[PDB]
file upload.txt (compact mmCIF, C-alpha atoms and all ligand atoms)
# COMPACT_ATOMS: atom_id res chain seq x y z
CA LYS A 117 0.00 0.00 0.00
CA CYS A 118 2.68 2.45 -1.10
CA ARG A 119 0.83 4.29 -3.88
CA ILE A 120 -0.83 7.70 -3.40
CA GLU A 121 -4.56 7.31 -4.06
CA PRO A 122 -5.71 8.80 -7.38
CA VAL A 123 -7.85 11.93 -7.15
CA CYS A 124 -11.21 10.98 -8.60
CA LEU A 125 -14.14 12.87 -10.14
CA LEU A 126 -17.59 11.60 -11.05
CA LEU A 127 -19.82 13.79 -13.25
CA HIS A 128 -23.56 13.06 -13.50
CA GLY A 129 -25.30 14.47 -16.55
CA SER A 130 -27.69 13.76 -19.38
CA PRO A 131 -26.79 12.35 -22.83
CA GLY A 132 -26.60 15.81 -24.45
CA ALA A 133 -24.98 17.56 -21.50
CA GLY A 134 -21.40 17.52 -22.84
CA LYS A 135 -20.16 15.10 -20.14
CA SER A 136 -17.27 13.87 -22.30
CA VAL A 137 -16.31 17.36 -23.41
CA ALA A 138 -16.08 18.25 -19.74
CA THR A 139 -13.97 15.25 -18.71
CA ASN A 140 -11.73 15.78 -21.73
CA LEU A 141 -11.04 19.44 -20.86
CA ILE A 142 -10.63 18.83 -17.13
CA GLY A 143 -8.39 15.88 -17.91
CA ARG A 144 -6.23 17.66 -20.48
CA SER A 145 -5.69 20.67 -18.21
CA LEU A 146 -4.63 18.40 -15.34
CA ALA A 147 -2.49 16.20 -17.58
CA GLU A 148 -0.60 19.17 -19.02
CA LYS A 149 0.36 20.30 -15.49
CA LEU A 150 2.10 16.96 -15.14
CA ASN A 151 3.60 17.03 -18.65
CA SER A 152 1.41 14.11 -19.67
CA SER A 153 -1.81 13.26 -21.49
CA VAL A 154 -5.25 11.76 -21.14
CA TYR A 155 -6.16 8.10 -21.65
CA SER A 156 -9.76 6.98 -22.12
CA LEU A 157 -10.30 3.53 -20.64
CA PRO A 158 -12.02 1.27 -23.20
CA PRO A 159 -14.96 -0.47 -21.44
CA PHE A 164 -6.28 -1.72 -20.76
CA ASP A 165 -5.48 -1.44 -24.45
CA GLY A 166 -3.25 1.57 -25.06
CA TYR A 167 -2.58 2.38 -21.40
CA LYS A 168 0.92 3.86 -20.97
CA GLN A 169 0.75 5.31 -17.45
CA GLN A 170 -0.87 8.53 -18.66
CA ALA A 171 -1.49 10.95 -15.82
CA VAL A 172 -5.27 11.08 -16.34
CA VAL A 173 -7.54 8.10 -16.96
CA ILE A 174 -11.08 8.87 -18.15
CA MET A 175 -14.02 6.51 -17.85
CA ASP A 176 -16.91 7.88 -19.88
CA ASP A 177 -20.56 6.80 -19.61
CA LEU A 178 -20.42 4.53 -16.57
CA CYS A 179 -23.46 2.31 -16.49
CA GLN A 180 -25.91 2.77 -13.65
CA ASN A 181 -25.54 -0.87 -12.55
CA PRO A 182 -21.88 -1.95 -12.49
CA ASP A 183 -21.25 -5.62 -11.87
CA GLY A 184 -18.76 -7.17 -9.47
CA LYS A 185 -15.94 -7.05 -12.01
CA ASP A 186 -16.50 -3.33 -12.66
CA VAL A 187 -16.51 -2.64 -8.93
CA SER A 188 -13.42 -4.74 -8.29
CA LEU A 189 -11.33 -3.08 -11.01
CA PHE A 190 -12.37 0.42 -10.10
CA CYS A 191 -11.56 -0.14 -6.40
CA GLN A 192 -8.11 -1.44 -7.36
CA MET A 193 -7.42 1.58 -9.54
CA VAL A 194 -8.57 4.15 -7.04
CA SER A 195 -6.62 3.03 -3.99
CA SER A 196 -3.16 2.84 -2.45
CA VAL A 197 -2.53 -0.76 -3.51
CA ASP A 198 0.08 -1.59 -6.13
CA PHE A 199 -1.97 -2.56 -9.18
CA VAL A 200 -0.87 -4.24 -12.41
CA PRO A 201 -3.62 -3.96 -15.05
CA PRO A 202 -4.32 -7.20 -16.91
CA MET A 203 -2.19 -7.22 -20.06
CA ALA A 204 -1.49 -10.93 -20.65
CA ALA A 205 -4.36 -11.25 -23.14
CA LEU A 206 -2.76 -8.41 -25.10
CA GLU A 207 0.64 -10.09 -24.88
CA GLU A 208 2.14 -6.98 -23.30
CA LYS A 209 4.28 -6.76 -20.17
CA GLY A 210 2.95 -6.02 -16.70
CA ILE A 211 3.50 -2.44 -15.56
CA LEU A 212 2.34 -0.71 -12.38
CA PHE A 213 -0.69 1.59 -12.69
CA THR A 214 0.36 5.06 -11.52
CA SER A 215 -2.20 7.55 -12.85
CA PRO A 216 -2.79 10.25 -10.23
CA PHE A 217 -6.23 11.19 -11.64
CA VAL A 218 -9.34 9.24 -12.61
CA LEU A 219 -12.29 11.10 -14.15
CA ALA A 220 -15.62 9.46 -14.84
CA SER A 221 -18.95 10.51 -16.28
CA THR A 222 -22.36 8.89 -16.14
CA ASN A 223 -25.95 9.53 -17.26
CA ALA A 224 -27.16 7.86 -14.06
CA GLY A 225 -28.62 9.97 -11.27
CA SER A 226 -27.08 7.48 -8.86
CA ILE A 227 -24.72 4.57 -9.46
CA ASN A 228 -26.01 1.39 -7.82
CA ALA A 229 -23.39 -1.28 -7.08
CA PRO A 230 -24.35 -4.92 -6.47
CA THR A 231 -24.09 -4.67 -2.65
CA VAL A 232 -24.39 -1.70 -0.35
CA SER A 233 -20.82 -2.40 0.83
CA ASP A 234 -19.79 -2.03 -2.83
CA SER A 235 -21.72 1.24 -2.93
CA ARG A 236 -19.82 2.52 0.14
CA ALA A 237 -16.53 1.52 -1.51
CA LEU A 238 -17.37 3.55 -4.63
CA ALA A 239 -18.57 6.56 -2.62
CA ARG A 240 -15.28 6.55 -0.67
CA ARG A 241 -13.36 6.76 -3.98
CA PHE A 242 -15.37 9.43 -5.85
CA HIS A 243 -13.82 12.34 -3.92
CA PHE A 244 -15.49 14.87 -6.19
CA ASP A 245 -19.07 13.86 -6.99
CA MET A 246 -20.82 16.52 -9.10
CA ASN A 247 -23.85 17.13 -11.28
CA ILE A 248 -23.36 18.89 -14.60
CA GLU A 249 -25.82 21.58 -15.58
CA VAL A 250 -25.88 23.06 -19.08
CA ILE A 251 -27.10 26.66 -19.11
CA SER A 252 -30.27 27.00 -21.21
CA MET A 253 -28.87 29.59 -23.67
CA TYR A 254 -26.21 27.06 -24.68
CA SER A 255 -28.56 24.12 -25.11
CA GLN A 256 -31.01 23.34 -27.89
CA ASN A 257 -33.12 20.21 -28.09
CA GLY A 258 -31.35 18.93 -24.97
CA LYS A 259 -27.99 19.04 -26.75
CA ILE A 260 -25.18 21.40 -25.74
CA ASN A 261 -24.31 23.81 -28.54
CA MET A 262 -20.59 23.36 -29.14
CA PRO A 263 -20.08 26.16 -31.67
CA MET A 264 -21.60 28.57 -29.12
CA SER A 265 -19.84 27.05 -26.16
CA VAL A 266 -16.32 27.05 -27.65
CA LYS A 267 -16.48 30.63 -28.89
CA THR A 268 -13.76 32.68 -27.21
CA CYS A 269 -14.87 34.96 -24.37
CA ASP A 270 -14.05 38.66 -24.37
CA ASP A 271 -11.37 40.02 -22.05
CA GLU A 272 -13.66 40.05 -19.00
CA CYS A 273 -12.41 36.44 -18.73
CA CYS A 274 -8.87 35.40 -17.85
CA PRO A 275 -8.82 31.68 -17.04
CA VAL A 276 -6.48 30.02 -14.51
CA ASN A 277 -5.92 26.59 -16.05
CA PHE A 278 -6.36 27.32 -19.79
CA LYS A 279 -4.62 29.60 -22.31
CA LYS A 280 -7.89 31.13 -23.39
CA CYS A 281 -11.45 31.19 -22.18
CA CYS A 282 -14.76 30.07 -23.59
CA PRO A 283 -18.19 29.45 -22.06
CA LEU A 284 -17.19 25.80 -21.35
CA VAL A 285 -14.37 27.01 -19.13
CA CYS A 286 -15.75 29.89 -17.06
CA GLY A 287 -19.22 28.58 -16.22
CA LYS A 288 -21.28 30.46 -18.82
CA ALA A 289 -22.29 27.26 -20.67
CA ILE A 290 -21.75 24.49 -18.12
CA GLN A 291 -21.54 24.39 -14.34
CA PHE A 292 -20.69 21.72 -11.80
CA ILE A 293 -22.70 21.28 -8.63
CA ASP A 294 -21.46 19.43 -5.58
CA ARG A 295 -24.05 16.77 -4.82
CA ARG A 296 -23.50 16.98 -1.07
CA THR A 297 -23.22 20.77 -0.54
CA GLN A 298 -24.69 22.28 -3.71
CA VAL A 299 -21.59 24.48 -4.03
CA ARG A 300 -21.15 25.55 -7.68
CA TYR A 301 -18.00 25.63 -9.82
CA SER A 302 -16.96 26.54 -13.33
CA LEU A 303 -14.86 23.95 -15.15
CA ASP A 304 -11.79 26.14 -14.51
CA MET A 305 -12.59 26.24 -10.77
CA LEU A 306 -13.05 22.48 -10.66
CA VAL A 307 -9.60 21.97 -12.22
CA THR A 308 -8.14 24.20 -9.52
CA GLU A 309 -9.87 22.13 -6.85
CA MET A 310 -8.72 18.81 -8.31
CA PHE A 311 -5.11 19.93 -8.61
CA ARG A 312 -5.17 21.34 -5.06
CA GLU A 313 -6.28 17.92 -3.76
CA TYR A 314 -3.54 16.28 -5.82
CA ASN A 315 -0.97 18.63 -4.27
CA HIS A 316 -2.38 17.97 -0.83
CA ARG A 317 -2.00 14.21 -1.22
CA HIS A 318 1.55 14.48 -2.51
CA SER A 319 2.87 17.04 -0.01
CA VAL A 320 5.64 16.18 2.43
CA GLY A 321 3.39 17.04 5.35
CA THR A 322 0.66 14.68 4.23
CA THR A 323 2.98 11.82 3.39
CA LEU A 324 4.87 12.13 6.71
CA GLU A 325 1.56 12.33 8.58
CA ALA A 326 0.77 8.81 7.35
CA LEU A 327 3.68 7.45 9.41
CA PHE A 328 1.59 8.14 12.51
CA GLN A 329 -1.78 6.90 11.23
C1 LIG A 401 -18.96 -3.71 -17.94
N1 LIG A 401 -19.93 -2.83 -17.30
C2 LIG A 401 -20.08 -1.54 -17.96
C3 LIG A 401 -18.71 -0.94 -18.23
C4 LIG A 401 -18.24 -0.03 -17.09
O1 LIG A 401 -19.29 0.58 -16.39
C5 LIG A 401 -18.91 0.93 -15.08
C6 LIG A 401 -19.82 1.43 -14.29
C7 LIG A 401 -19.46 1.83 -12.87
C8 LIG A 401 -18.23 1.68 -12.44
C9 LIG A 401 -17.87 2.09 -11.03
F1 LIG A 401 -17.71 0.97 -10.28
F2 LIG A 401 -18.84 2.88 -10.51
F3 LIG A 401 -16.69 2.77 -11.10
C10 LIG A 401 -17.16 1.11 -13.34
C11 LIG A 401 -17.47 0.77 -14.56
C12 LIG A 401 -17.27 0.98 -17.73
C13 LIG A 401 -17.73 2.08 -18.30
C14 LIG A 401 -16.78 3.08 -18.96
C15 LIG A 401 -15.49 2.87 -18.96
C16 LIG A 401 -14.94 1.61 -18.31
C17 LIG A 401 -15.77 0.74 -17.75
CL CL A 402 -23.44 -5.19 1.91
ZN ZN A 403 -15.11 32.89 -20.24
call {"tool": "encode", "arguments": {"input": "upload.txt", "output": "structure tokens", "more": "lines below"}}
Ligand SMILES: CNCC[C@H](Oc1ccc(C(F)(F)F)cc1)c1ccccc1
Ligand SMILES: [Cl-]
Ligand SMILES: [Zn+2]
result
Amino acid sequence: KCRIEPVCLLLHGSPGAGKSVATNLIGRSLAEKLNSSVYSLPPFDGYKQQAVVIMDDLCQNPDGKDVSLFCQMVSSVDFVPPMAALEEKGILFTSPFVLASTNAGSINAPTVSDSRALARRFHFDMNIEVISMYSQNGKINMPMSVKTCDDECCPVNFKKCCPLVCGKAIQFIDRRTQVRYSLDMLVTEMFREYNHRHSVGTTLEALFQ
């Protein structure tokens, strides 16, 4: 149990809510801070210890295999993804971030213990809301949402701003506290938690716990 636990995000949205756009942008911003890239987990072909793993469109009813793998990934246990069937060598999983999206209001695992294990691991658990101006027919308008903002915007974690970044088009709502974030703000939060987990103070604290 020598690995720092990945920082994990779950986004709940609807099919047209731009869930995958959101995880892609959050993921890329975080990955760039670590000089790395994003890897989408095929539901481990192509995994190369990328800093950010994305799991898009989690089903509402994961089975025991889904639960088991996810709980390996998001933990402090050394974990070698299964690669034998791909005839590739075993390598330790080291991604410090895992982002997931789902259309489910609530994920329901097979047992309530399983549900507790998932809840423990989704540190950030947010609803996506698309702002009505930027949605037609239940589908987010990407041309509108990617259009560069004027200079009233100066983003923290991106080189330029658009409504996707600063909360004009999409917002993220904490499911426990109802606190609201722009995508940019959420990246700041996720990287702060990463820095917290990797700090000397935190790691030395664990010697006494
Ligand atoms: C095989 N069952 C559906 C595939 C699977 O769905 C999942 C649903 C939930 C979870 C968990 F456990 F909540 F993390 C993990 C996976 C999934 C979805 C997207 C990416 C990887 C795996
Ligand atoms: Cl149980
Ligand atoms: Zn903006």
call {"tool": "residues_around", "arguments": {"input": "upload.txt", "residues": "residue 247 in chain A", "least_positions_apart": "2", "cutoff": "8 Å", "atoms": "all atoms listed in the file", "output": "list in words"}}
result
residues 127, 128, 129, 245, 249, 292, 293, 294 and 295 of chain A
call {"tool": "residues_near_point", "arguments": {"input": "upload.txt", "point": "(-11.4, 19.4, -15.2)", "cutoff": "9 Å", "atoms": "all atoms listed in the file", "output": "PyMOL selection string"}}
result
chain A and resi 125+138-146+219+303-310
call {"tool": "residues_near_ligand", "arguments": {"input": "upload.txt", "ligand": "ligand ZN 403 (chain A)", "cutoff": "10 Å", "atoms": "all atoms listed in the file", "output": "number ranges by chain"}}
result
A: 265-275, 280-289, 302, 304
call {"tool": "closest_residue", "arguments": {"input": "upload.txt", "among": "A:231, A:192, A:136, A:181", "to": "ligand CL 402 (chain A)", "atoms": "all atoms listed in the file"}}
result
A:231
call {"tool": "residues_around", "arguments": {"input": "upload.txt", "residues": "residue 153 in chain A", "least_positions_apart": "6", "cutoff": "7 Å", "atoms": "only C-alpha atoms", "output": "MDAnalysis selection string"}}
result
chainID A and resid 144 147 170:172
call {"tool": "residues_around", "arguments": {"input": "upload.txt", "residues": "residue 258 in chain A", "least_positions_apart": "6", "cutoff": "12 Å", "atoms": "all atoms listed in the file", "output": "ChimeraX atom specification"}}
result
/A:129-134,249-252
call {"tool": "closest_atom_pairs", "arguments": {"input": "upload.txt", "of": "chain A", "to": "ligand LIG 401 (chain A)", "cutoff": "10 Å", "atoms": "all atoms listed in the file", "output": "CSV"}}
result
residue,atom,partner,partner_atom,distance
A:126,CA,A:LIG401,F2,8.8
A:156,CA,A:LIG401,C15,7.7
A:157,CA,A:LIG401,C15,5.5
A:158,CA,A:LIG401,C16,5.7
A:159,CA,A:LIG401,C16,3.8
A:164,CA,A:LIG401,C16,9.6
A:173,CA,A:LIG401,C15,9.7
A:174,CA,A:LIG401,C15,7.5
A:175,CA,A:LIG401,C15,4.1
A:176,CA,A:LIG401,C14,4.9
A:177,CA,A:LIG401,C14,5.3
A:178,CA,A:LIG401,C6,3.9
A:179,CA,A:LIG401,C6,4.3
A:180,CA,A:LIG401,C6,6.3
A:181,CA,A:LIG401,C6,6.4
A:182,CA,A:LIG401,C6,4.3
A:183,CA,A:LIG401,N1,6.2
A:184,CA,A:LIG401,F1,8.2
A:185,CA,A:LIG401,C1,7.4
A:186,CA,A:LIG401,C10,4.5
A:187,CA,A:LIG401,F1,4.0
A:188,CA,A:LIG401,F1,7.4
A:189,CA,A:LIG401,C10,7.5
A:190,CA,A:LIG401,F3,5.0
A:191,CA,A:LIG401,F1,7.4
A:193,CA,A:LIG401,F3,9.5
A:194,CA,A:LIG401,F3,9.2
A:218,CA,A:LIG401,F3,9.9
A:219,CA,A:LIG401,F3,9.9
A:220,CA,A:LIG401,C14,7.7
A:221,CA,A:LIG401,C14,8.2
A:222,CA,A:LIG401,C6,8.1
A:224,CA,A:LIG401,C6,9.8
A:226,CA,A:LIG401,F2,9.6
A:227,CA,A:LIG401,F2,6.2
A:228,CA,A:LIG401,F2,7.8
A:229,CA,A:LIG401,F1,6.9
A:230,CA,A:LIG401,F1,9.7
A:234,CA,A:LIG401,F1,8.3
A:235,CA,A:LIG401,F2,8.3
A:237,CA,A:LIG401,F1,8.9
A:238,CA,A:LIG401,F2,6.1
A:239,CA,A:LIG401,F2,8.7
A:241,CA,A:LIG401,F3,8.8
A:242,CA,A:LIG401,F3,8.6
call {"tool": "atom_distance", "arguments": {"input": "upload.txt", "atom1": "CA of residue 215 in chain A", "atom2": "CA of residue 236 in chain A"}}
result
22.5 Å
call {"tool": "atom_distance", "arguments": {"input": "upload.txt", "atom1": "CA of residue 326 in chain A", "atom2": "CA of residue 243 in chain A"}}
result
18.8 Å
call {"tool": "closest_residue", "arguments": {"input": "upload.txt", "among": "A:248, A:327, A:276, A:232", "to": "ligand CL 402 (chain A)", "atoms": "all atoms listed in the file"}}
result
A:232
call {"tool": "atom_distance", "arguments": {"input": "upload.txt", "atom1": "CA of residue 202 in chain A", "atom2": "CA of residue 166 in chain A"}}
result
12.0 Å
call {"tool": "closest_residue", "arguments": {"input": "upload.txt", "among": "A:233, A:152, A:315, A:255", "to": "residue 121 in chain A", "atoms": "only C-alpha atoms"}}
result
A:315
call {"tool": "build_atoms", "arguments": {"input": "upload.txt", "residues": "range 198-218 of chain A", "atoms": "N, CA, C and O atoms", "output": "PDB file, in the coordinates of the input"}}
result
ATOM      1  N   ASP A 198      -0.581  -1.352  -4.847  1.00  0.00           N
ATOM      2  CA  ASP A 198       0.080  -1.590  -6.130  1.00  0.00           C
ATOM      3  C   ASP A 198      -0.880  -2.380  -7.006  1.00  0.00           C
ATOM      4  O   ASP A 198      -1.523  -3.318  -6.540  1.00  0.00           O
ATOM      5  N   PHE A 199      -0.986  -1.994  -8.270  1.00  0.00           N
ATOM      6  CA  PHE A 199      -1.970  -2.560  -9.180  1.00  0.00           C
ATOM      7  C   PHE A 199      -1.345  -2.724 -10.560  1.00  0.00           C
ATOM      8  O   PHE A 199      -0.848  -1.759 -11.140  1.00  0.00           O
ATOM      9  N   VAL A 200      -1.329  -3.959 -11.057  1.00  0.00           N
ATOM     10  CA  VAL A 200      -0.870  -4.240 -12.410  1.00  0.00           C
ATOM     11  C   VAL A 200      -2.101  -4.577 -13.237  1.00  0.00           C
ATOM     12  O   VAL A 200      -2.716  -5.618 -13.020  1.00  0.00           O
ATOM     13  N   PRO A 201      -2.486  -3.685 -14.169  1.00  0.00           N
ATOM     14  CA  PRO A 201      -3.620  -3.960 -15.050  1.00  0.00           C
ATOM     15  C   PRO A 201      -3.398  -5.238 -15.827  1.00  0.00           C
ATOM     16  O   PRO A 201      -2.252  -5.558 -16.121  1.00  0.00           O
ATOM     17  N   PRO A 202      -4.476  -5.951 -16.163  1.00  0.00           N
ATOM     18  CA  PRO A 202      -4.320  -7.200 -16.910  1.00  0.00           C
ATOM     19  C   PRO A 202      -3.883  -6.951 -18.348  1.00  0.00           C
ATOM     20  O   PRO A 202      -4.597  -6.292 -19.103  1.00  0.00           O
ATOM     21  N   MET A 203      -2.710  -7.453 -18.716  1.00  0.00           N
ATOM     22  CA  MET A 203      -2.190  -7.220 -20.060  1.00  0.00           C
ATOM     23  C   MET A 203      -1.822  -8.517 -20.780  1.00  0.00           C
ATOM     24  O   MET A 203      -1.480  -8.492 -21.961  1.00  0.00           O
ATOM     25  N   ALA A 204      -1.904  -9.647 -20.076  1.00  0.00           N
ATOM     26  CA  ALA A 204      -1.490 -10.930 -20.650  1.00  0.00           C
ATOM     27  C   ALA A 204      -2.242 -11.254 -21.937  1.00  0.00           C
ATOM     28  O   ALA A 204      -1.652 -11.758 -22.899  1.00  0.00           O
ATOM     29  N   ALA A 205      -3.540 -10.966 -21.961  1.00  0.00           N
ATOM     30  CA  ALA A 205      -4.360 -11.250 -23.140  1.00  0.00           C
ATOM     31  C   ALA A 205      -3.948 -10.380 -24.325  1.00  0.00           C
ATOM     32  O   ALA A 205      -4.261 -10.690 -25.478  1.00  0.00           O
ATOM     33  N   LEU A 206      -3.243  -9.290 -24.040  1.00  0.00           N
ATOM     34  CA  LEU A 206      -2.760  -8.410 -25.100  1.00  0.00           C
ATOM     35  C   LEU A 206      -1.307  -8.723 -25.423  1.00  0.00           C
ATOM     36  O   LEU A 206      -0.689  -8.068 -26.264  1.00  0.00           O
ATOM     37  N   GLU A 207      -0.771  -9.742 -24.760  1.00  0.00           N
ATOM     38  CA  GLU A 207       0.640 -10.090 -24.880  1.00  0.00           C
ATOM     39  C   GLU A 207       1.528  -8.856 -24.736  1.00  0.00           C
ATOM     40  O   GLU A 207       2.379  -8.572 -25.581  1.00  0.00           O
ATOM     41  N   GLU A 208       1.304  -8.119 -23.655  1.00  0.00           N
ATOM     42  CA  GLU A 208       2.140  -6.980 -23.300  1.00  0.00           C
ATOM     43  C   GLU A 208       2.582  -7.148 -21.855  1.00  0.00           C
ATOM     44  O   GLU A 208       1.918  -7.835 -21.079  1.00  0.00           O
ATOM     45  N   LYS A 209       3.702  -6.530 -21.491  1.00  0.00           N
ATOM     46  CA  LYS A 209       4.280  -6.760 -20.170  1.00  0.00           C
ATOM     47  C   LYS A 209       3.492  -6.055 -19.067  1.00  0.00           C
ATOM     48  O   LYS A 209       2.815  -5.048 -19.306  1.00  0.00           O
ATOM     49  N   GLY A 210       3.576  -6.609 -17.864  1.00  0.00           N
ATOM     50  CA  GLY A 210       2.950  -6.020 -16.700  1.00  0.00           C
ATOM     51  C   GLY A 210       3.684  -4.774 -16.247  1.00  0.00           C
ATOM     52  O   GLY A 210       4.913  -4.782 -16.120  1.00  0.00           O
ATOM     53  N   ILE A 211       2.935  -3.700 -16.022  1.00  0.00           N
ATOM     54  CA  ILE A 211       3.500  -2.440 -15.560  1.00  0.00           C
ATOM     55  C   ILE A 211       2.588  -1.905 -14.465  1.00  0.00           C
ATOM     56  O   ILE A 211       1.374  -2.081 -14.525  1.00  0.00           O
ATOM     57  N   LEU A 212       3.163  -1.267 -13.455  1.00  0.00           N
ATOM     58  CA  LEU A 212       2.340  -0.710 -12.380  1.00  0.00           C
ATOM     59  C   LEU A 212       1.480   0.453 -12.880  1.00  0.00           C
ATOM     60  O   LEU A 212       1.946   1.303 -13.636  1.00  0.00           O
ATOM     61  N   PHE A 213       0.221   0.469 -12.454  1.00  0.00           N
ATOM     62  CA  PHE A 213      -0.690   1.590 -12.690  1.00  0.00           C
ATOM     63  C   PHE A 213      -0.314   2.748 -11.754  1.00  0.00           C
ATOM     64  O   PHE A 213      -0.201   2.560 -10.539  1.00  0.00           O
ATOM     65  N   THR A 214      -0.129   3.941 -12.310  1.00  0.00           N
ATOM     66  CA  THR A 214       0.360   5.060 -11.520  1.00  0.00           C
ATOM     67  C   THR A 214      -0.390   6.371 -11.752  1.00  0.00           C
ATOM     68  O   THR A 214       0.048   7.419 -11.279  1.00  0.00           O
ATOM     69  N   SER A 215      -1.502   6.318 -12.481  1.00  0.00           N
ATOM     70  CA  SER A 215      -2.200   7.550 -12.850  1.00  0.00           C
ATOM     71  C   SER A 215      -2.736   8.270 -11.613  1.00  0.00           C
ATOM     72  O   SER A 215      -3.464   7.688 -10.829  1.00  0.00           O
ATOM     73  N   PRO A 216      -2.356   9.544 -11.436  1.00  0.00           N
ATOM     74  CA  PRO A 216      -2.790  10.250 -10.230  1.00  0.00           C
ATOM     75  C   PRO A 216      -4.222  10.787 -10.310  1.00  0.00           C
ATOM     76  O   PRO A 216      -4.723  11.239  -9.294  1.00  0.00           O
ATOM     77  N   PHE A 217      -4.851  10.734 -11.481  1.00  0.00           N
ATOM     78  CA  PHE A 217      -6.230  11.190 -11.640  1.00  0.00           C
ATOM     79  C   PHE A 217      -7.088  10.176 -12.375  1.00  0.00           C
ATOM     80  O   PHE A 217      -6.655   9.594 -13.376  1.00  0.00           O
ATOM     81  N   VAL A 218      -8.328  10.023 -11.910  1.00  0.00           N
ATOM     82  CA  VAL A 218      -9.340   9.240 -12.610  1.00  0.00           C
ATOM     83  C   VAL A 218     -10.614  10.081 -12.675  1.00  0.00           C
ATOM     84  O   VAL A 218     -11.154  10.495 -11.643  1.00  0.00           O
TER      85      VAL A 218
END
